[PDB]
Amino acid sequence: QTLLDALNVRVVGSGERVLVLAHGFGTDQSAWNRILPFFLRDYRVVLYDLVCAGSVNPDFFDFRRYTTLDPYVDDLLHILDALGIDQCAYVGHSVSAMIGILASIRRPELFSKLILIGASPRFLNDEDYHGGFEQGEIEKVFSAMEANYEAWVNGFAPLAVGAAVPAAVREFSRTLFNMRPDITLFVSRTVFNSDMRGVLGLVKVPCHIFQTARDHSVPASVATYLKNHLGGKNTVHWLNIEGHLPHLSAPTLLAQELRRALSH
């Protein structure tokens, strides 16, 4: 119950099939605000904030604990258990896509379906795998973020939103500015160090892979990689939406594709 309060757990909607909406890097659950109206009539919608969200008390971000994705999975499973949820459909953006994959491996019975948005198991390039980023290039950026957080947010947000949707750039910048800069840097390192490729085969639940055009953080080839390597039944949705944050930039269109996927 203190966990439910700490992470701003919210349950809304008139339906009884459970839909979990799990935000990713640099936002909080408010990123789903424009999606949500499309699901209240026929779902029970569960929202929460990751511990690193700007909307969470930064006292709760224990650097000794949150060193990999596993402790974030602990939080997600604690919440679903505390709400008495024995089965749900789960939508995860960005890092929450990977948290849901790990959660499903721990609790295969808990998820009927995963919907992954802007998901990558690995950002760094190697000889056989294109993640979109070179190891050599990332330290100069981490240094830049530490030196001048505001300059980093101002350069990052437009590239993340991608499409010419100035309101979404301003909104993503707002939630990045709510995050404590040392938490943002630590979480950024955690996600660049992640390598989920080893475990994709262990997933048995069906996965819908939502891939935007010109996602600065997810090459097209990564969505195909997930389709080939996730252990269950996979469907790729090539969204007619540009940028990494379609729930912020194109909510009406994203909501229709989510409804389609949840009906499948």
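Residue indices: 1-based, along the sequence shown.
*Asks:* Comparing 194-202 with 36-44, where is the mean C-alpha B-factor higher?
*Replies:* Comparing averages over the C-alpha atoms only gives 36-44.
*Asks:* For the higher mean C-alpha B factor in the entry, choose 157-165 or 96-104.
*Replies:* Averaged over C-alpha atoms, the B-factors run higher in 157-165.
*Asks:* Name the one of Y225, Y66, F60, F210 with the greatest CA B-factor according to the PDB entry.
*Replies:* Going by the entry's C-alpha B-factors, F60 comes out highest.
*Asks:* Which of these has the highest Cα B-factor in the record: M145, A119, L176, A89?
*Replies:* Each of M145, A119, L176, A89 was compared by C-alpha B-factor; the highest is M145.
*Asks:* Can you tell me whether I85 has a C-alpha B-factor in the lowest, middle or highest third compared with the other modelled residues of the same chain?
*Replies:* Answer is highest: the recorded C-alpha B-factor places it there.
*Asks:* Is the Cα B-factor recorded for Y72 in the lowest, middle or highest third of its chain?
*Replies:* CA B-factor rank for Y72: lowest third.
*Asks:* Could you look up the Cα B-factor of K233 in the entry and say which third of the chain it sits in: lowest, middle or highest?
*Replies:* Middle third by C-alpha B-factor.
*Asks:* Report the third (lowest, middle or highest) to which the CA temperature factor of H247 belongs, ranking only the modelled residues of the same chain.
*Replies:* Bottom third by C-alpha B-factor.
*Asks:* Quick one: classify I115 as lowest, middle or highest third of the chain based on its Cα B-factor.
*Replies:* Tercile = lowest for this residue's CA B-factor.
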